[PDB]
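Some notes on the structure that comes next.
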Amino acid sequence: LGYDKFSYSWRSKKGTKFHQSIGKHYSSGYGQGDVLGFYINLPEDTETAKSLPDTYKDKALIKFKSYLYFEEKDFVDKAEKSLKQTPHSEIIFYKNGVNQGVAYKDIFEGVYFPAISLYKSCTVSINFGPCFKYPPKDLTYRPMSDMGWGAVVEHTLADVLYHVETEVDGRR
Amino acid sequence: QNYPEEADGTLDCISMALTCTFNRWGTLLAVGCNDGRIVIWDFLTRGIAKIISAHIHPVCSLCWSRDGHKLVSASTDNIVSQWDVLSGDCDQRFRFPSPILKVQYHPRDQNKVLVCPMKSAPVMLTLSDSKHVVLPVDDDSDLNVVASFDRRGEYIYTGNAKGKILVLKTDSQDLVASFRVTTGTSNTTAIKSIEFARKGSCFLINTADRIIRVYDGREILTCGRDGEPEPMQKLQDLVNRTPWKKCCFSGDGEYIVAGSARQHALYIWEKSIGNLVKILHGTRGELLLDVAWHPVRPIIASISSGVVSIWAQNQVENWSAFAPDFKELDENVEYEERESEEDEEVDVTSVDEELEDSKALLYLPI
Amino acid sequence: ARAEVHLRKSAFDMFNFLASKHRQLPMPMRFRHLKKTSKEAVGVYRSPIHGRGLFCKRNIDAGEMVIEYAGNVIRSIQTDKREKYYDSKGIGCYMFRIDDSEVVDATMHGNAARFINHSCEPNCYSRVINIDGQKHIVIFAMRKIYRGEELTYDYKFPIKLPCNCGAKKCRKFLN
Amino acid sequence: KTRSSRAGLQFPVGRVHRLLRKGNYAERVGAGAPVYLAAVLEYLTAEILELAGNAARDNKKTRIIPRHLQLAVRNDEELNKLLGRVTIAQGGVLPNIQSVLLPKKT
Amino acid sequence: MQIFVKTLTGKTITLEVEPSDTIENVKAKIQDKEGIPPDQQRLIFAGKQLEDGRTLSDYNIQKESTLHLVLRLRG
Amino acid sequence: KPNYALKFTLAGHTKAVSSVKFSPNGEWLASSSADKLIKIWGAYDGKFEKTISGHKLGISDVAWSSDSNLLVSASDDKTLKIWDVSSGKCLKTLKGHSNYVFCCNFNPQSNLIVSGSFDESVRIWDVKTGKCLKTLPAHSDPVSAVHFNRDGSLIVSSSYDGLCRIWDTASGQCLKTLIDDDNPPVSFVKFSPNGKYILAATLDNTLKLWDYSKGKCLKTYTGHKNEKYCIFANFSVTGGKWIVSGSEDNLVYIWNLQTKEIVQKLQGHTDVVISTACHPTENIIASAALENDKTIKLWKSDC
Ligand SMILES: Nc1ncnc2c1ncn2[C@@H]1O[C@H](CSCC[C@H](N)C(=O)O)[C@@H](O)[C@H]1O
Ligand SMILES: [Zn+2]
C-alpha cells in the first residue's frame, strides 16, 4: 500500500509515512485495539475517469470444466500512464476522528476502494457505509442468502443484467 | 559444550609415547619417550617443539614449572633434574633416595616441587637452594604415599597405604588434620591415589576396594582431627569389575571421567547426577597410560601403548557464514520483507578459570 | 607483477568456493531418502561448463529419486524488488518459477542445489510430485551417473544470457 | 515397595526373575540378570515400535495393523538379519518386481 | 535461626531454620526453593552423621554453622 | 603537524623499487624490485647490508614476520622462498602455486605463512618444512593483497572485484562478505590492531574504509588518485594520528582516522606511489613507486 500512486497508506508501526518505497518519519504508530476512522472528504459531487482497458483477448468467456467465468481483467502499464488527478485528492488516514494529517496527497483519479493492507496473520473488523458509527442505516449489508422468491427474482434480474450485453455484443 | 561426540585418529610424531599432560589449556604435550629422551609435541597445532637428551634410563612421568621454564620428570633412574624448556639442558640436578610418582608445580610456589617418594614421606625440594624438606606424616613412614596440591596448592594432601589420609600446609607443614577411610563391612582398605580438579576443590580417591570414591578438600579441616567418612557417590563398574589405573577430572568442573586398564571402557558421569551418560568404544589390545581433558573445552584424549586415541568434537563452520546479511537456509514460508525501508582526531592504540602455569616460551618456527 | 594492472576486475561473486582442482514402492514414505541418504552421492566442485557445479563421486541409474529442491518461496509481487536487488548486488537470475504465481527465490535463502548449470545437452529432466498435500520437486534420472560428471537439467525454455557449454547441440542460449 | 523404578525401566523385573527362576535355565542366578534382561527387552521393543508408529502415520491411520509391523521389520536390514526364518500372521509381503521384467515402448 | 548449607561445587547458601521445625520440612523448603530433591541431599556437620527424619533441636546445632551437604543420587 | 622531512634517498635496485616494507620491529628494510633482488637497507642510517637473491623472476610482495626473521617474497617463478636475515640462504620452499605469485604476507603470531597467485585461491605452507596444507579459494579474480590479523585468527582478502571478504583462518571459510553494488576494484588491505576495521584501497580514487561489524559503509576518504595500480597503505601513530596511503598522482599522501583531512603530502617521487611504509618506533616513512622513481625516500621525523 503506497508502492504505486494507485494505493495510499499510513504505516501502523512507528507512524512512518511510506509511499513508492519512500519513507519519512511523520507520526505515531497504531495497532492493537486501534480503530482507524476513514471519511474520504468529498461530500460534494466530483468527476473522475473510470475505465480505459488496453487488452481484449484476455477478456473472454469459456467453460472451465462445468461453469463459466467472466474474465474481467485490469491492466497496469497502460493504466499507470493514464494517471490523472481529481477533486478532493487526499486519502486521509484518520484515527477514528482524530487525524495525524493526511500522509500523502494527489491521489489517483478514479473509483475509490478502501484497501486494508496486512503483512502477516492478523484479523480486523470493518464497518463501511454512508453512516457515521452505526452499521444499520441502510439495509444492514444483506448477504442475499434465502430460499424465497426474492432470491429467484434478484438472480433473474442479474441474469438479464448480463444477458442484455451478451445478446447485443456478438460472440466470436 | 556437551561431552565429546566425534572420534579423532592418532597423533604420533614419533612411534613411542608414554605420558601426556596439558599445561594450562592444552598448549603442548610432554611425551616421556621410553628411551631416556624427553620429547615435546604441539597440541591444537599438531607439531613438535623440542627433544631433550636427558639421560640413559627412560622416564615415566612429566610436568612443567609454574613459570614454564622447567621440565620436571619423575625418572626411573632417580635423576631429579631440572631440564630447561628454553635451551634443553639441565639447570638443577639432584638425586632422591626413592623414585617419584607424581610431579607437580604449585601455581603459587614453583620453588617447592611435588615429589611422591615410596616407603618414605613426601619431600619438597626447593629450587632456590637445593634443600629437601620432608613432609611430616603420621603412623608409618614406609607406606606407598602419594602427595598432591589442592586447587591453589595452599594445602597439601597425602594418601598412605593403610587407610589414613593426611592434610597439612604446603609451606608451613602444620599437620593438624587426618582422616580414616571407611573399613568396608569387615576388612579395612588402603588408598592407591587421589586426583584433583581446577574448580570446586573436589577430588577423586582410588582405593584397593575396587571402588572409586569422591571427597571435597573442605570437609577435613572443617571436621578437625578425624571424622567419619562420607563420600558423595561411590561410583564403580558392576558388570566386569575392571580395576582403575589413571583417572582425572573434567575440563569444566561438573564431569567425572574414569579409565580402564585393558577393557577399553572409558566411563563418564556428572557430579550432579551419578547416572551413566556415555561409554567410549575403544579397540581392544592396548593398555591405557594417561588421561587428561582439555581444561576448558570438552574433549577426551587417552595415551596408550605408545600411541594416542582422541575422541573429540571435530567442527567446521557452516556454509551460511559468508556474511551476517547472507544465509543459506531452507524454508517453505513466504519471505518476510523488511518493514523499515563522526569527525574526531584520535589514533588507535588498543590491541574453567585461569591459573599460573604459563610462560613456556618454547616455539621454534625453524 | 605489481606493476602491470591485469583485467577481468568485476566479479559479482557470492559463493566464493571457485577452485582450480575440482578433485571429484509407494510415493509418500520416500521422504527419508531426501534428508538422510542424499548427502554422499554428489560432491561440490568447479564445473567446466560455467562457474561452479555439482560433480559426482557415486553412481545413480535411471528412474531413481535423487534431490528435493527447496528455497525461499515467494509470490510474484516480490519479483520486482527481487530483480531490482539482483541488479544492485549483482545477483543472477535465480527466479526459479515453479509456477507463474509462486517463484523460488535463492538469494537470501536456498539449498545446495543452487549450484546447477544449464546446457542443451543435459543429463537429467525435472519432475514434480505432491506429498502430504504439499507440492515438491524431485528429479528422477533417465541414465546412469558416471564418476566425475556434473548434474545438469534442461530448462526447457521455448526459443541476453548466453549458454556457453561447448556441446555441439548446445544452442548457446537458454532457448 | 516396587523394584522396576529402581532403574527407571518399564518392563517388569520381578516377573522376569520369577519366570527365569522357575524356568530351570540354571540353579543359581545373580542380581543383575533380571534388570539386564528387562533393559534389553525394553530396547528391542522400543526399536520395533518406533518403526511401527512411523508406518502407522505413513497411511494416516491411528491403529497399527500387522501389515505395518511386517513392512517395518522387512524394510530394515538388521532386523531381516536377526528375524531371518520368521513369518507374521496376516503379514503379507513387501512389493517387489524383478528389474528385467519391465516392458516398455516408445 | 539461620544456618549455612555448603555444597560440593563451592557455593554457599544461607537458610532459616526455626527452633521447632523438623528436618523433613527444612528439606521440603529447600526442594521448593532451588529444586534439588531431598533424596539428593543429606546434612553433615563437621564429618558427623545427620538424618532426615529428625529435628534440629534433637541434635542441638549452634547458630551460623555450616552443614556439609554431601551430594547424593536420585532415588 | 607531521614534519616528515627527507633524510636519505636510497636507490640500489635496477628495474623499479616498488616494494619497501617497514617491519613491525623496524630494524632493517627489505627493499625489492622486479629484478629478483632482495636488498637489505638501513632504517635510521640507510646502511647497505647485502642483496639476497636466488629466485628467477620479479617480486610482487615482500614481508617480514613479527620478529622479522622470516622473509616472504612473491617471486613469479611458481615458487616462493624464505631467506635467512642473518646469512641470506634459502630456508624453505613454497611450491604449489600454478601461476605468478601476486600476494604474500605473514602472521603476527609467526606461526603461519600466506601466499596467493592466479589460481583463484590462496595457500599456506608449513614453516618448519614448507609442504602443502590448504587451498582456500579467496575470490574469482587474482588476489592483490592479504594479511593476517594482529590476533592471528582472521585474514582480509582483496582482489580486483570489490566485494571485500574476511576469511576465518580456523576454518578456511569467509566470515563477512561486505558486498559493494558498484564493485570497485581493490588493491590493498590491512588489519587494524583491534581486528574490527579494514582499509581496502579501492581503485576508485577513494580509500573505502570498511567496518565488518554490521555491514555499513563508512566515510569517504578522498584527496588522492587511486584508479589502476596496487596502492598500499600503513598506519602512523608515533608523532600523531595519521594513516599513510599511496596515490596515483605520483605523490605520497596521508589522512586521518575518521576526519577525512589531507594531513601530509610527501613529494619528490617522480612516479606513482605504489607502496607506503611507516616506521614502528619513529616517524620515518619510506614510499616505493613505479618504474620512473626507483628511489626510496626516508622521511624522518619526531612528532
Ligand atoms: N552456463 C550458464 N551460463 C550463464 N548462465 C547460466 C548458465 N547456467 C545457468 N545459468 C543461469 O544462472 C542462474 C543460476 S545462478 C548459477 C549457479 C551458481 N551460481 C553457479 O556458480 O553455478 C540460472 O537462473 C540460470 O539462468
Ligand atoms: Zn554448447
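Chain F is numbered as in Swiss-Prot, which gives 32-334 for the residues shown.
Cβ coordinates come from backbone N, Cα and C, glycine included.
Feature annotation from Swiss-Prot assigns SUMO2 cross-link to F:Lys46. The secondary structure of F:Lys46 (SUMO2 cross-link), as reduced to three states from DSSP, is coil rather than helix or strand. The Cβ of F:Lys46 (SUMO2 cross-link) has 17 other Cβ atoms within 10 Å, all protein chains considered.
For F:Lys112, the entry in Swiss-Prot reads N6-acetyllysine. According to its DSSP assignment, F:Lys112 (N6-acetyllysine) is in a strand.
According to Swiss-Prot, the feature repeat 'WD 1' maps to F:43-82.
The repeat 'WD 2' annotation in Swiss-Prot covers F:85-126.
Taking DSSP states H, G and I as helix and E and B as strand, the repeat 'WD 3' (F:128-168) has 0 helix, 20 strand, 21 coil. Residues annotated as repeat 'WD 3' in Swiss-Prot: F:128-168.
According to Swiss-Prot, the repeat 'WD 4' annotation covers F:169-208. Within the chain, the repeat 'WD 4' (F:169-208) has long-range Cβ neighbours (under 8 A, six or more residues past its boundaries) at 92, 94, 133-134, 136-140, 142-143, 145, 147-149, 151-153, 214-226, 229, 231, 233-234, 241, 243, 246, 261, 263.
According to Swiss-Prot, the repeat 'WD 5' annotation covers F:212-253.
Under the heading repeat 'WD 6', Swiss-Prot lists F:256-296. Nonlocal intrachain contacts for the repeat 'WD 6' (F:256-296), taken as residues 6+ away from its ends with a CB within less than 8 angstroms of a stretch CB, comprise 33-35, 53, 175-176, 218-219, 221, 230, 232-238, 249-250, 302-314, 316, 318, 320-321, 330, 332-334.
For the repeat 'WD 7' (F:299-333), the residues of the chain that approach it from at least six positions outside its boundaries are 33-42, 44, 46-57, 60, 62, 64, 72, 74-75, 77, 260-267, 269-270, 275-284, judged by C-beta separation under 8 angstroms. Taken from Swiss-Prot, the feature repeat 'WD 7' applies to F:299-333.
In sequence order, F:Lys87, F:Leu88, F:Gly89, F:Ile90, F:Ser91, F:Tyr131, F:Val132 constitute the residues six or more apart from F:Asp107 (site 'Important for interaction with histone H3') in its chain with CB-CB distances below 8 Å. In the three-state DSSP classification, F:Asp107 (site 'Important for interaction with histone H3') falls within coil. Taken from Swiss-Prot, the feature site 'Important for interaction with histone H3' covers F:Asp107 (among others).
Within the same chain, the residues at least 6 positions away from F:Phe133 (site 'Important for interaction with histone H3') whose Cβ sits under 8 Å from its Cβ are F:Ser91, F:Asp92, F:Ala105, F:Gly147, F:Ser148, F:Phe149, F:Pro173, F:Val174, F:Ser175, listed in sequence order. What Swiss-Prot records for F:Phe133 (among others) is site 'Important for interaction with histone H3'.
What Swiss-Prot lists as site 'Important for interaction with histone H3' is F:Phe263 (among others). Within its own chain, F:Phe263 (site 'Important for interaction with histone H3') has F:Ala176, F:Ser218, F:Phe219, F:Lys221, F:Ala232, F:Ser276, F:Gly277, F:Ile305, F:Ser306, F:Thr307 as residues 6 or more apart in sequence whose C-beta sits under 8 angstroms from its own.
Residues within less than 8 Å, Cβ to Cβ, of F:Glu322 (site 'Important for interaction with histone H3') and separated from it by at least 6 positions along the same chain comprise F:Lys46, F:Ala47, F:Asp302. For the recorded site, F:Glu322 (site 'Important for interaction with histone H3'), the DSSP three-state label reads coil. The site 'Important for interaction with histone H3' annotation in Swiss-Prot covers F:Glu322 (among others).
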Using a Cβ-Cβ cut-off of under 8 Å, list the residues of the same chain that are 6+ residues beyond the ends of the repeat 'WD 5' (F:212-253) and lie near it. 175-182, 184-185, 187-195, 197, 206, 259-266, 274, 276-277, 286, 289, 291
Would you mind checking how many other C-beta atoms are within 10 angstroms of the C-beta on F:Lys112 (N6-acetyllysine)? 21
Secondary structure at F:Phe263 (site 'Important for interaction with histone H3'), reduced by DSSP to three states: coil
